[PDB]
Every structure is written in C-alpha cells, then in structure tokens.
C-alpha cells in the first residue's frame, strides 16, 4: 500500500486487544480506499510496552497500546492511575484522563515531550489474583511468590499486602506458573483466559486491586505524514475500535467467572477491607515522593463521582 504501517502489542492472537486491533486495521484499510494497510505484531515480537513506546517516539513503529499509568516512567504523578483501589470504575478512569486539568496536561505532554498522539481510550479490565493455593484472606498473601509486571505500582501492591514480588515479562509467565517458579500472578480475567493461565492455576481471588485502561497511540512521525483526510480516517477508526474493545471487556467480566468454574478453577472472595487498609502507607509514600503535583492529582481523582 502507499502506507505500510505496523501495530505492535504484548497480548496474543486470542485476546480482546488483538480482536479490537484487527477491527481498527480493517476499518482503516476500507475507509482509506486501500491507501493504508496495518500489519499486527503480537506477543511481544517487537519488545515489551516500554520498548514499543520508545519505537513510537523514534518513528520505527507506527501504533501501539499503553495504559495511562505507564507514563509514570516519565511523569511520576501519573502513577495515580494505578494506585491500588483509588480508581473505582471505568467511568472514573475516563473522566480522570479527559476531564481533569491533570489528565489534559498529560495528553499534551505525550505529544510534545514523547512524540506520541492519543487517538482513543478503552477499558482493559480489572486485575484479579490467581495462585496455586487458596487466598481466603489477606493472611494467605504472606510470603506468596507473586509474579508482577516490571511496573512500580504492581510491585507495591504485592509488597504492601505482604507478598514477595517477582518481576518478569508477560511472555515468561505461563512457564513460570507451570514450573511453580512462582506461586501466582495478577491480571484481568480476560488475560487469564487468553493466555490460558487457568490451565496452570487452581485458584482465583477477586482482589479487584488495579483497573486498567488501554490507549490507542500513534507515532507523531507517522501521524504528521498523513494528509488530513487520512488523519481523520485513523482517528475515527480508533474511536470506533475503542468502543468495541471496551464492550468485549465489559461483557466478559459478566460471565468469565462461570467459564473458569467449568474449567475447574475455585473462586474466592476475600474480605477486601484489610487489603485496602494495607495500602494506606503506600498512598502516603506516593505523596511524599511526588509532592504537591501528586497530592493535587489524587485530589482531582478522588473528586470524581463514580455513578453515571
């Protein structure tokens, strides 16, 4: 095609993220009258999300996904998006990004500092905890060897509940679980399904600890080279895809629980009050480390009403 573009991602071909990227690619090809063709590179072929963000910045990759929280690597106050139990629901996540002074500033900085344009935001599930032994209460977390991604907020979740965190890349998790090199991991239900972690974990606990969004990002180097009519095609297709992406996750959360039960997984519902209590010193550490910028972001987010 005139524009042979590439979209990289961490998740595999069975995932909701891939299905939504496929819809995006199909709509762009149709509505651009074949001028743009997007190829998909799943399963971390091009690196992890940190590496792929760098590739958008330098113009060697055209599209990728990221969470709003991942920008904590550049702007420490953006950790607020993944402080455990702070963001209640997806309504709050949307308004935090688009309808606060903090969020609007972050969108501007992505463009000016990092060379990436935000096209759309979707819901990517609420993270839960799987393990090789039952989690009936906070006591069962003590000493659990919990895999986490290479992200400070996930590491903190594990440390503050008393687990022993082990950071590793997403591609390595299935084998670590299979060999019991680690005792468990944490991810939304959809990822547990897509990666088949239910084959190698007997238990699922509804810890509801971190809510993930998903941003459709384009490299400025690519976006700038498109004529404005094709920029519009891309933007409109990203907003349509994000609607579909969100629907996939919202529908799955309804009934994936019964799918896992049919596969032999036992589901627990630990009392979350001690889990939430255990995070209080972490919120304090966050404010100490990020100062008034972090305090302000927290206050803007805590002000948002979660009811539509």
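Positions refer to the first chain, counted from 1.
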- Quick one: higher average CA temperature factor, 283-291 or 13-21? 283-291
- Message: Per the record, averaged over C-alpha atoms, which has the higher B-factor: 133-141 or 210-218?
- Response: 133-141
- When you compare the CA B-factors of 246, 68, 32, 64 as listed in the entry, which one comes out on top? 32
- From 154, 128, 120, 180, which pick has the Cα B-factor that tops the rest in the entry? 180
- Thinking about Cα B factors across the chain, which third does residue 100 belong to? highest
- Message: Please say which third, lowest, middle or highest, residue 203 falls into when its CA temperature factor is compared across its chain.
- Response: middle
- Looking at the C-alpha B-factor of residue 169, is it in the lowest, middle or highest third of its chain? middle
- Note on the structure: Tertile call for residue 257 (CA temperature factor, within chain, third-based) is the highest
- Place residue 88 in the lowest, middle or highest third of its chain's C-alpha B-factors, as listed in the PDB entry. highest
